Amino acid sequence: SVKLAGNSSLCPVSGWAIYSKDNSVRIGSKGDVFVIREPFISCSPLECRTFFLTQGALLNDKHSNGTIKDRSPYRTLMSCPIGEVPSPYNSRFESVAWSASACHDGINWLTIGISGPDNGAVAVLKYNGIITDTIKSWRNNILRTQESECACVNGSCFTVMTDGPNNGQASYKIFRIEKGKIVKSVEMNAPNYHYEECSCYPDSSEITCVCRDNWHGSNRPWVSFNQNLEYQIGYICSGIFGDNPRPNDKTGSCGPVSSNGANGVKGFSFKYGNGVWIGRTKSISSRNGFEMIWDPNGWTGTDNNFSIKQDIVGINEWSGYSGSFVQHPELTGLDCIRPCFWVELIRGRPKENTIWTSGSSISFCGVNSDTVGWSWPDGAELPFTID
């Protein structure tokens, strides 16, 4: 039982091999499956788990009514084994939460679950299931976090939280956590940037996060930092815009791209020097489809050329959030940190005529062997009996 080192580089990847699919919404038509959104995957040295925010209700029951609503006292962070449906009969209780993050340092699970009122929310940090720290809203305006895994390097785990407007300048802080206790934090000095829902991973002892600008950017902002929280900030420069909504691909910017910049979706990308692996929706205007694109100069260069595209979900099918996750060498036995990703397939409101909103999930792992594009969509037939 040993701390993850986090000191090897990301593995080189040519393509993405399908890892899991839970079919949660299809199964929940009959079975006892939680209404969920904001799922994410995180791994220990022994296993991979799906974390998710329940709505304290099951699919196809009357208590799923009104689950478009983001924040309530009923929402809880729970987890289950990867690829299994999230049920009351197979899910571990983690925290009371309407925003969350989680990660394993090699020894125990850290979970961060935020609840409370919009004007004074509190993040509750747990290590091995025991409360180890709290942090309260510092701008009194919806303290919130990643909705994907935190990142760990040599016994320290790292996350980003936001507090303030979702449609204007807000406040962004980076945290270093050891055994569930906050040991350091810093406010990012990012005037004119907007960071929401960061997808962070370790690479060569440093953390890279690719986030959502909900204010005025259709490209994604990034922040990277070392273990002392010395950071750098920027936006992905590629004209292959990564947010949803966005414009058609054209010449990009290393600052926020204003065209179609308001609103957004949680997402991710993996940096390889000047290059980038971008996961994005297929539709420029809606949460539909998903694809992976390799742009060899897209981290720093503004053209809209790219070299590989792999289809994940077809343009006519519902998608949603996505996030990164990694598998450390302590799990895989490889000599590098393996990049992986998950996609939330959102069903229900606002786009479909149901009383509820819920998601299923798919995930993929990066490989250098042969792969293929396809579409692996949610597959449920809506509406349901309850609607």
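All residue numbers refer to positions in the sequence shown, first residue = 1.
- Of the two stretches examined, 282 to 290 and 247 to 255, the record assigns the greater average C-alpha temperature factor to 247 to 255.
- Look at the C-alpha B-factors of 356 to 364 and of 43 to 51. On average they run higher in 43 to 51.
- When the C-alpha B-factors of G323, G320, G333, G28 are read from the PDB record, the largest value belongs to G333.
- If you compare the C-alpha temperature factors of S99, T111, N214, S307 in the entry, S307 comes out highest.
- Per the deposited record, the Cα B-factor of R176 falls in the middle third when ranked against the other modelled residues of its chain.
- Ranked against the other modelled residues of its chain, the C-alpha B-factor of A57 as given in the entry falls in the lowest third.
- Sort the modelled residues of the chain by CA B factor and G298 lands in the highest third.
- The entry lists a Cα temperature factor for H63 that places it in the middle third of the chain's modelled residues.
- Among the modelled residues of its chain, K351 has a C-alpha B-factor that falls in the highest third, as given in the PDB entry.
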